Amino acid sequence: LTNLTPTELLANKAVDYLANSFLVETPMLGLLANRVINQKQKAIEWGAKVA
Amino acid sequence: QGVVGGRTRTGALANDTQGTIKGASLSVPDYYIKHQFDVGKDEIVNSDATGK
C-alpha cells in the first residue's frame, strides 16, 4: 500500500521527449542551407558580369 | 699552483702551501631563448588552400 513503495523510491520513467518548442522556422537559413558550401579558403571569389 | 719550498739535505721538514683545486660551477640558465608565435588556425587552412 501507499506507505510502502514511497515517492523517493518510485523513479518513474518519463517519455523521452524534450518539448523544444522554439524556432520551428528558419526561413532564410533553411532556404540557403542545403546549398551552403564550406570551402578551405577564408575569402569568396566569384565573377560578376557588369557590362 | 703548489709552491715548492727549499731545505738543506738535513734541514728541518717544514711544510709548504698546496695546489688549490677550486670548484667551478656554471648552470644551464633558467632562461629560455624562446621564440613563439600564435599562428591563427584560419591562416593555416587558408594559406594551405590559397598559397602561391
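No value in this document is a laboratory result; all are computed from the given coordinates. Here Cβ is always computed from backbone atoms with ideal geometry, including for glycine, and neighbour counts include all displayed protein chains.
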For this session: Mind listing just one residue for me: the one in chain A that is over 30 Å from B:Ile44 (Cβ atoms) and in a helix (DSSP H, G or I) and, of those, farthest from the other protein chains (Cβ to nearest Cβ)?
Result: A:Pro27
Exercise. Filtering region B:20-52 down to residues that are polar (S, T, N, Q) and closer than 30 Å to B:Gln1 by Cα, which residue is farthest from the other protein chains (Cβ to nearest Cβ)?
Worked result: B:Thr20
Exercise. Is there a residue being more than 14 Å from chain A (Cβ to nearest Cβ), part of a loop (DSSP other than H, G, I, E, B) and within 30 Å of A:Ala43 (Cβ to Cβ) anywhere in region B:2-18?
Worked result: no
For this session: State whether one or more residues within region B:21-42 are within 30 Å of A:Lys42 (Cα to Cα), out of contact with any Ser or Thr (no Cβ under 9 Å at 6 or more places or on another chain), without any contact (Cβ under 8 Å) to a residue 12 or more places away in the chain and not in a loop (DSSP other than H, G, I, E, B).
Result: yes
Exercise. Is at least one residue of region B:16-25 exposed (fewer than 10 other Cβ atoms within 10 Å of the Cβ), among the acidic types (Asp, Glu) and over 19 Å from the mean Cα position of the chain (by Cα)?
Worked result: no
